[PDB]
Amino acid sequence: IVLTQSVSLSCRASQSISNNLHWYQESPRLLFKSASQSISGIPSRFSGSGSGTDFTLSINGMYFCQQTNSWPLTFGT
Amino acid sequence: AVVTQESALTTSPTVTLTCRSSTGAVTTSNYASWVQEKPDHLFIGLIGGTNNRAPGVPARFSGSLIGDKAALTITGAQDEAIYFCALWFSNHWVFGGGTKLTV
Amino acid sequence: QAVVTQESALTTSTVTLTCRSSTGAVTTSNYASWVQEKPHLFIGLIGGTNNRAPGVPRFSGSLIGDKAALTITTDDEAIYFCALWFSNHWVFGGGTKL
Amino acid sequence: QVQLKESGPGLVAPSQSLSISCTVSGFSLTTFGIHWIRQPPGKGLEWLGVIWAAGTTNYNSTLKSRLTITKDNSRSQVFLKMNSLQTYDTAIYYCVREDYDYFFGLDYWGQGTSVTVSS
Amino acid sequence: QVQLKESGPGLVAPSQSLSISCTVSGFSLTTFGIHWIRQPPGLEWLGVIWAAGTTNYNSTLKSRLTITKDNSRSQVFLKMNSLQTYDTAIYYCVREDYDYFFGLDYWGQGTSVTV
Amino acid sequence: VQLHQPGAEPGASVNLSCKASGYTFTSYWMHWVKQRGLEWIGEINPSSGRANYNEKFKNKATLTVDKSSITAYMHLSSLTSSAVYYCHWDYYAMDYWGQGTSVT
Amino acid sequence: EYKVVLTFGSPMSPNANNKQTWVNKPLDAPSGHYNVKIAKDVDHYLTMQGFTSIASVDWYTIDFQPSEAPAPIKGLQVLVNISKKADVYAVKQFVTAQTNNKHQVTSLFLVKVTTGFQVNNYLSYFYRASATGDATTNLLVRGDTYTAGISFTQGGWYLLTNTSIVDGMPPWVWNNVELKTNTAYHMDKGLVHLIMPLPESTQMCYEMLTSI
Amino acid sequence: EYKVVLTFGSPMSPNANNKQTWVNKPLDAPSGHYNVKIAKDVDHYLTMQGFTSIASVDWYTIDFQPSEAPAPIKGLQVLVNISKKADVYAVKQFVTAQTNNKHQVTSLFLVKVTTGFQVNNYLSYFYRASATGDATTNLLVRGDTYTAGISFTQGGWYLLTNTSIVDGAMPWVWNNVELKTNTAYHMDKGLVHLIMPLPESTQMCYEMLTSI
Ligand SMILES: *[C@@H]1O[C@H](CO)[C@@H](O)[C@H](O)[C@H]1NC(C)=O
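*Asks:* I tried to follow the overall build of chain F on my own but got confused; where do I start?
*Replies:* A tally of regular secondary structure across chain F gives zero helices and five strands. The order of helices and strands in chain F, counted from the N terminus, is β-β-β-β-β. Over its C-alpha atoms chain F spans a radius of gyration of 13 Å, differing by no more than 12% from the 13 Å that the globule rule assigns to 104 residues. Along the longest, intermediate and shortest principal axes, the C-alpha atoms of chain F span 40 × 25 × 25 Å.

Shown next as structure tokens:
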């Protein structure tokens, strides 16, 4: 699976992966679980959406987008 | 269960027909319905569920529940035929004796 | 839930007593137990058709043919009773006034 | 437009099976149930049976032993099987569509086949 | 050395109640069930309570027969309703093992309940 | 609660390890990452000892976590010419990261 | 009011006798597909969460006296998109009290399909982790969805379901809420067959009404 | 043969409605303690693993008609050490074949305590870790075992259990086997109540034999 990443940060998948895409942001720190669920301790400014294959990030190394639909769970640029 | 209806009625160009039940009070759970019969056995559905009117029926037809008997009221009757009321009894419709409406 | 029949009487000076049932299944489920009698003391002699109660001597149960039977290989004069568990209870036979 | 038509033998001797197939048209047979209403001569209607849209059939209880309603979705043809016929069973037979989801009442009635039983 | 003993009225009138207490000794009621049998002047399976506290009555006699046992007090009671004239006999309470013997071993002397 | 690293740590098999402590839930599939962007290596359940190596990193990495106390042991073999480091042992949320054992 | 002795059929795809049961977790569906909504009116419907296939059904009275089949619940449609695809033949709602002000509702529906249809659904399952010592662990739901296809056969029975968490109770509840993540789900009679598909020929007799 | 209709009571010690169901995994106990064996004779006996509380029992015949409680199964006990502590009133064995070589066998014993007792046993709970993607994930049993006290009440109906993964060909089963730490377990009718304690007053139906 190939995920392309290009404020609103986008990480589009190469194939449908449902909603299995955690966002990862020193040791990288996670932001979202399942691409829409905010994680404990993160500021509420972060937001993550998308459900089928096109996942977007909006905030109001960078921010990797680890999809966990198939081994090996891949990462974005 | 037995559904009993008046044998005859008369009017001129409103009437009320009572669909009495032999078990207990008529409720929305019985899903009353009225089917008018014209000459030559031409049947049609004029009221369903005690509130719902079948497609194409004139707006003058109206039904409701009064007391323990379900009734259908005709406003501004112009309709002379035999009127049958059928009440759902949780497994099978039961059919009342014809009203024998006159105009 | 059937009936059970047993020999009316027997005479001797080895003897066996047979306990047949109307069903005739003669299954191990019957758990036949031959409780004896004395001039009105009823005692436990056998259980399950092959076991024995504590202190019982000669006595030995067996499943002969299709009718549960007992074995006695002058002090044994008794009206032996045969009981056969049906599914929920016991059904005693007439008993044998040996 | 919604239509319902009925075809029946028109005359059957006693103890001879009755076969009538009310071939509905204009409405799908898998959404609206089909009832069987028989109107004896000079009498009020009587319920016979119905075959629901999911195929569960409910008979009039008096006539459950003999009556048997089946259906063929592809050809949209509901069938009625009446065994052990009797003289008093003569009556005009109707097949009626019931909208048990929106209207809840018997909307459209069939023309009717006059089943006569005699010698 | 396991014994038994039943206290019975010894005389009753029809439609009355039969109260017979079958006491135990030399063992415990937490292991063996007590059977209730009668010997009208063969032997009739009246009813039984098991060690675990459930019971079973003759089908034809489930309305009138009630069996109750007192574990610590080592006592068993039988109460008969709608007593009839034909219920005269000596009533026996037999301890059934249903653990290693599947039978009847010790029987109480019995009490002539005469009606 | 926290994953700790046992030291920074060619051809010599070098386990790269990470021990999580103050943990209440055992079986959560500790991951394993190498960053010269991130690249998955494999994952081992702390319980059941089951691993699913990314095939690009099979025959070169062998992960085995201890049983009495959870601790990841990435038995790297035939090391070649960069650093391989952090591991993520998930939880209901927010407990799974450790300092990478940067290898040179 | 009847008793429904359900005889469980073979596992439906993508389930199987040797893998965790899959349930349509969220209330939405992938693009070009719809969820199976048991709808009375537009303001009252219970989405499908846990789908099951019933090989045969044996109805009874409340005292278990043999009885015939019931007429379909009138006014109730298992609409997928706008068009109906099945008839509902029973209903039942398990109201469990997780806490004094936390209630878990698990509606059930035994529906017979009039028109075969296939849909794709976001599926998930119930996972219980491992805890050291005697610490409590919650029978959670995996927050990771996985699109999959569910096939429903014409004229075949099915035991749909729905589960919801309601905080603060109405005096039948028409509340449809997703299967949450990080929320414990105490097991109830209407949820026991959603931890792993039961074998074929397994009977599970239920107390199912025939009206709201 | 009958068709029991159990009515599960409130969870037994140390289980609770808001916690996982504990099961006696190994076949031994700490010093000075014994397991709850269900022994037909000395050679054959199943080690009780799961325990549950039954409030009341209703017996219906095969065609579901009224019937009275049966006599206790003669020859079957529930031995703690060498002393009897209950009678078995209904037995059942749900045989499930994982594959040709591996078969699961869940045996359900319905007992009625004669004398109350309490023993200390090593406990554990069924668990199933989360999985990535859609791979099948097994329903294992934890490895650590938590020593906990178990209590039984005189006269209270109880439903025990015993699961043995009988490898190889086999005809009933008396193979007593531990709950293995890493063997995948299949969910059958005899394990539905061994995930979390069901709510009180829930009627789970079964079909139980009265003999071997
Ligand atoms: C290193 O890895 C091996 C497996 O290849 C393992 O047996 C060993 O315990 C690990 N480290 C230690 C502490 O020796």
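*Asks:* Even after reading the chapter, I still don't get the pairing of strand β2 (residues 18–25) of chain E, so can you show me in this structure?
*Replies:* Consecutive side chains of a regular strand alternate in pointing toward one face of the sheet and then the other. Residues and elements named next belong to chain E. Relative to β2, strand β1 (residues 3–7) is paired through five bridges, and the arrangement is antiparallel. In the sheet register, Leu-4 faces β2, and the bridge partner there is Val-24. Looking at chain direction, β2 and strand β7 (residues 75–80) are connected through six bridges and run antiparallel. In the sheet register, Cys-22 faces β7, and the bridge partner there is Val-76.

*Asks:* Is there a simple way to think about the arrangement of the chains in this case?
*Replies:* Inter-chain contacts occur across 12 pairs of chains; the most extensive set of contacts lies between chains G and H. One finds no contact linking chain D with chain H; the least C-alpha distance across the pair is 22 Å.

*Asks:* Before we go on, may I ask you to explain the side chain of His35(E) in this structure?
*Replies:* Looking at the secondary structure, you find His35(E) in strand β3 (residues 33–39). A distance of 3.0 Å separates a polar atom in the side chain of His35(E) from a polar atom in the side chain of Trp45(E). Sequence-distant contacts of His35(E), defined by excluding residues within four places in its chain, comprise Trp85(C), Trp90(C), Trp45(E), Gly47(E), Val48(E), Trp50(E), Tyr92(E), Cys93(E), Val94(E) and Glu96(E).

*Asks:* Hey, could you run me through the interface of chain F and chain A in this one?
*Replies:* Many descriptions give the size of an interface as the accessible area lost when the pieces come together. Residue-level contacts link 15 residues of chain F with 12 residues of chain A. Counted by class, the side of chain F that touches chain A contains nine nonpolar, five polar and one charged residues.

*Asks:* Help me understand the pattern of salt bridges in this model?
*Replies:* Any two side chains of opposite charge can pair, given that their charged atoms come close. Of the charged contacts in the structure, one is a salt bridge between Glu44(E) and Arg38(E), with a shortest N-O distance of 3.2 Å. Note that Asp87(H) is salt-bridged to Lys84(H), the shortest N-O span being 3.0 Å. Where salt bridges share partners, they join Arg38(D), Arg66(D) and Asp89(D) into one cluster.

*Asks:* Is there a simple way to explain the environment of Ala55(H) in this structure?
*Replies:* Within the fold, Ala55(H) resides in strand β5 (residues 52–60). Among residues more than four places away in sequence, those in contact with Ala55(H) are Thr7(H), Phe8(H) and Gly9(H).

*Asks:* What's the story with the sheet that holds strand β8 (residues 93–95) of chain B in this structure? I'm lost.
*Replies:* Think of a sheet as strands paired side by side through backbone hydrogen bonds, with each pair either parallel or antiparallel. Residue and element names in this part refer to chain B. If you trace the four strands from one edge of the open sheet to the other, you get β4-β3-β7-β8, paired in antiparallel fashion. The outermost strands of the open sheet, each flanked by one partner alone, are β4 (42–48) and β8. Direction aside, the axes of adjacent strands within the sheet are offset by 25° on average. Bridge count between strand β3 (residues 33–38) and strand β7 (residues 82–88): five bridges; the pairing is antiparallel. When the bridges of β7 are listed, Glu-37 appears paired with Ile-82.

*Asks:* Any chance you could explain the pairing of strand β5 (residues 53–60) of chain G here in plain terms?
*Replies:* Residue and element names in this part refer to chain G. Note that strand β1 (residues 2–8) and β5 share six bridges and pair antiparallel. The residue of β5 that forms the bridge with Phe-8 is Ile-54. Summarising the sheet, β5 and strand β13 (residues 157–167) pair through two bridges and their orientation is antiparallel. Bridge pairing links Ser-53 to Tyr-158 in β13.

*Asks:* Before we go on, may I ask you to explain the interface of chain G and chain H in this structure?
*Replies:* Of the residues lining the interface, 39 residues belong to chain G; the matching set on chain H comes to 43 residues. Among the elements of the structure, β10 (126–127) and β14 (203–208) of chain G are those that each provide at least two residues to the side of chain G that touches chain H. Here the element with the most residues in the side of chain G that touches chain H is β14(G); it accounts for three residues. Along the lines of polarity and charge, the residues of the side of chain G that touches chain H split into 21 nonpolar, 12 polar and six charged.

*Asks:* Any chance you could explain the environment of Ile150(G) here in plain terms?
*Replies:* Residues and elements named next belong to chain G. The topology assignment puts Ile-150 in strand β12 (residues 146–152). C-alpha separation for the pair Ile-150 and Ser-10, spaced 140 residues apart in sequence, amounts to 14 Å. What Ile-150 contacts, discounting residues up to four positions off in sequence, is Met-12, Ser-13, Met-48, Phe-51, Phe-117, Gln-118, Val-119, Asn-121 and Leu-123.

*Asks:* I tried to follow the packing of aromatic side chains on my own but got confused; where do I start?
*Replies:* On the basis of an interplanar angle of 10° and a centroid distance of 5.8 Å, the ring pair of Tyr24(A) and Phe75(A) is categorised as stacked. A ring pair is formed by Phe61(B) and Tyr83(B), whose centres lie 6.2 Å apart and whose planes are at 35°; its orientation type is tilted. Against the face of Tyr106(E) rests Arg95(E), its NZ or CZ located 4.8 Å from the ring centre. Seen from the ring of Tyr206(G), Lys189(G) lies directly overhead, with NZ or CZ sitting 4.7 Å from the centre.

*Asks:* Would you take a moment to explain the sheet that holds strand β9 (residues 117–124) of chain G for this structure?
*Replies:* Residues and elements named next belong to chain G. If you walk across this open sheet you meet the three strands as β2-β9-β12, and the pairing is antiparallel. Each edge of the open sheet is held by one strand with a lone partner, namely β2 (23–24) and β12. The pairing of β2 with β9 spans two bridges and is classified as antiparallel. Across the sheet, the residue bridging to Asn-24 is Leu-123, located in β9.

What counts as what
Residues numbered from 1 in each chain as written, not as in the entry; some residues may be left out. Chains lettered and ligands numbered in written order. Heavy atoms only, no water. Residues with missing side-chain atoms left out of burial classes, pairs and counts. Helix = DSSP H or I, 4+ residues; strand = E, 2+ residues; numbered from the N terminus. Rg over C-alpha atoms; globule rule 2.2 N^0.38 Å. Pairing = 2+ DSSP bridges. Contact = heavy atoms within 4.5 Å. Polar contact = N/O pair within 3.5 Å; in protein donor to acceptor, adjacent residues only side chain to side chain. Nonpolar A, V, L, I, M, F, W, Y, C, P; charged D, E, K, R; others polar. Salt bridge = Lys/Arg side-chain N within 4 Å of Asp/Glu carboxyl O. Axes fitted to C-alpha atoms, helices over the stretch in contact; angles between N-to-C directions. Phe/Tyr/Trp six-rings, centres within 6.5 Å; stacked < 30°, edge-to-face > 60°. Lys NZ or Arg CZ within 6 Å of the ring centre and 35° of its normal.

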